[PDB]
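Structure below; questions to follow.
Read the figures in this text as sums done on the coordinates, not as results from a lab. Note that we place each Cβ from the backbone using ideal geometry, even for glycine, and neighbour counts take in every protein chain shown.
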Amino acid sequence: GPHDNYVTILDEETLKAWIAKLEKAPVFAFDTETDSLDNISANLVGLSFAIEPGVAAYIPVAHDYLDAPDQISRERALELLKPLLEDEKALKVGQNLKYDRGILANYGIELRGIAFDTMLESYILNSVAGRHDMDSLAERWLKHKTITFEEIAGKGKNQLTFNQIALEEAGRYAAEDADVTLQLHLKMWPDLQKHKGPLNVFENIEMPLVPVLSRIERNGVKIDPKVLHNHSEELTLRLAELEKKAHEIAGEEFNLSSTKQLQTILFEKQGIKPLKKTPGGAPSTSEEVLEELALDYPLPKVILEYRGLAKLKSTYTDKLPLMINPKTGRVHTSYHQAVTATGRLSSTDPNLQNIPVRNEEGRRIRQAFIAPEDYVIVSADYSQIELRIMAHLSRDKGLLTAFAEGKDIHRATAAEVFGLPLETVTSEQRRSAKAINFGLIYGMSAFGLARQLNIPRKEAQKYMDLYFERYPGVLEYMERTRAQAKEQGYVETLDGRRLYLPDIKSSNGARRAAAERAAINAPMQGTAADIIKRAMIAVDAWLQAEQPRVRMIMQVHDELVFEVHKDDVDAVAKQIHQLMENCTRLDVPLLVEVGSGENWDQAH
DNA sequence: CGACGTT
Ligand SMILES: [Mg+2]
């Protein structure tokens, strides 16, 4: 791990020399460092170029501390770099490219040279290794503890924004970052080349996602804060009523939110035997315990209602109005592309993928999302996608025929399990088969179904036996995947995304069963994520080539909520439809139930 | 309720 060959650029002539080197440089790093953690309101501070291993350059453009000398104009430097950054033939490399690209696009410079991202490379190679962050990557691959931002800043309010930070420390840190990316690239890229499936997915599914991810995050979803600042008042009043009722039942004032106090007061005053126990050993008070106890006493019911209301209020109705970006008035999310192992995108700060649906008050919370003016929400959706991947990967004629004909999968499964035809499949049989399908997706055991269906576990096993006998190809494929995990350990999805299992041969019964379940459902969710990502890429290509009156705002799991102008709804819905069924060459069709509701809940 | 685990 070399160092000290780090030249910091203060004059534009050295910048010209560096760009002359860069335009002949095949691959090079790019790591813009910025004061603000935000990707939208942040103002750029400096850049970083590392054409050759150890040969890294930091280019300050605005430093705020006393006597920051010869600061190149942030506009002049970017104007001189526009031929380079906006070049397609120059392949770049970095970390979290949807951050650098967003920061650059703040100034109108649309970057186009992205080809490698160390985060994405580390994700594709071994998705269950570390956390895919520079600090972890450093020792995990290069075996070189790098300088963190904490040393320069210091935890707490004492932490310093990067812009006023002294020249030497900031420059050496950024150049070390750039240089590191190069070492990580030069080390991992041969490994990424040796793996054909991972190479395919990395080139075609993961990396073209970065520009559309940045565009989606910068577009942001619009919320009507008045709805939440109204609705929280009714939430507070209702929970106050629940407080009054609970303190009437118990005769004392306390906090329903606390769990230790709640279990103590409950199990000492009313004294029901603890049905279940927490993983920590204490008596458990989860929702099942709540409903079982509310079968007997009203205080469990009222505290369950308090939990239900308070969770949604505190998590959404209070946090979302706070997170509205004041500059543009739209909530901006950070889709972390590589954090979950399976492959799904997971929105963070705030979790837009975690908006309530099943509760009517959750329906109100989803109604809080609206359109600015003359616009209307289009909520794309894949219906029962996981079962479609199951049919494709099982090669079972029954499910393939059922999906090709287009009948509801749940009633068809119930018909094939119980014998009576699908038209006579009633509601209880229907959601019984629904539980069968979902559980088989997740790999759960018969006790789980006795819990999720309130039927004896013997009857659960009998029902799965009927299903398994009528669908032997699915079981054969699942056993093939289980066995494949033994000698390969990287049970793999369709498009080549892998998952290394360090728990397949753990020789422990507890871990291996969960490892087997993960091996079962890994191709499932992996294929679903790849299909969604490819649909995202195609739709983004359509918008960026045609520029219609549509803006993609969010990507929930198997959902692609848009925002269209009122007069476009007739044709753009059909166009995105066609773009999405033609997304992936899979035999079973990919049904897309496009809504066109005025608000997100209405479109849902 | 049945398979996994240990004294
Ligand atoms: Mg970076």
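Taking a ≥ b ≥ c as the square roots of the eigenvalues of the Cα gyration tensor of chain A, is the shape rounded (a/c under 1.5), prolate (a/b larger than b/c) or oblate?
It is prolate, given that a/c is not under 1.5 and a/b is the larger ratio.
Compute the distance in nm between two label points, each set 7 Å from the Cα along the Cα-to-Cβ direction, one at A:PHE447 and one at A:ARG330.
4.9 nm
Now, a different point. Between the DSSP loop rule and a limit of at most 12 other Cβ atoms within 10 Å, which GluC sites (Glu not before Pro) in the range A:38-94 are left?
For GluC sites (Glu not before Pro) across the range A:38-94 that sit outside H, G, I, E and B with at most 12 neighbouring Cβ atoms in 10 Å, the list reads A:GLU88.
Still on this model: Please sort A:119-128, A:548-557 by packing, taking for each peptide the average over its residues of neighbouring beta carbons within 10 angstrom, highest first.
A:119-128, A:548-557
Which of the three applies to the range A:136-182, rounded, prolate or oblate, going by the alpha-carbon gyration tensor with a ≥ b ≥ c and a/c under 1.5 meaning rounded?
Judged from the Cα gyration tensor, the range A:136-182 comes out oblate (a/c at least 1.5, b/c at or above a/b).
Enter the angle in degrees (range 0 to 90, nearest 10) between the Cα long axis of helix A:509-546 and the first principal axis of the Cα atoms of chain A, meaning the one along which they spread out most.
Tilt of helix A:509-546: around 60 degrees.
While we're looking at this one, here's another question. Which values of log₁₀ I(q)/I(0), to two decimal places, follow from the Debye formula for the range A:6-221 at q = 0.11 Å⁻¹ with a uniform point scatterer at every Cα?
Here log10 of I(q) over I(0) equals -0.52.
How many angstrom separate the Cα center of the range A:315-383 from the Cα center of the range A:589-604?
Between the Cα centre of the range A:315-383 and that of the range A:589-604, the gap is 15 Å.
Let me ask another. Suppose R0 equals 41 Å. What FRET efficiency, 1/(1 + (r/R0)^6) with r the Cβ-Cβ distance, do A:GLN578 and A:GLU88 give to the nearest 0.05?
Efficiency, from the Cβ-Cβ distance: 0.90.
Hand me the GluC sites (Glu not before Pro) from the range A:312-377 located in a DSSP loop with no more than 10 other Cβ atoms within 10 Å, in residue order please.
Hits after loop and neighbour filter: A:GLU373.
With respect to the cross-link table entries A:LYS92/A:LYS574; A:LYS155/A:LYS226; A:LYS245/A:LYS269; A:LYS92/A:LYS187, which display a Cα-Cα separation exceeding 25 Å?
Violating the 25 Å limit, Cα to Cα: A:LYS92/A:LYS574; A:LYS155/A:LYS226.
Per the helix-only calculation at 222 nm, which mean residue ellipticity applies to chain A, given -39500 (n - 2.57) for every DSSP H run of n ≥ 4 and division by its residues, nearest 500 deg cm²/dmol?
Taking each H run of at least 4 residues, the total per residue is -15500 deg cm²/dmol.
Would you report the distance distribution of C-alpha pairs in the range A:438-532 as whole percents per 10 angstrom bin, up to the bin with the largest distance?
16, 41, 34, 9, 0
Sort out for me the Cα centre separation of the range A:407-421 from the range A:1-58, rounded to whole Å.
Using only Cα atoms, the two centres lie 62 Å from each other.
For a test of the definition: using alpha carbon positions, the gyration tensor, and the 1.5 limit on a/c, classify the range A:225-348 as rounded, prolate or oblate.
It is oblate, given that a/c is not under 1.5 and a/b is not larger than b/c.
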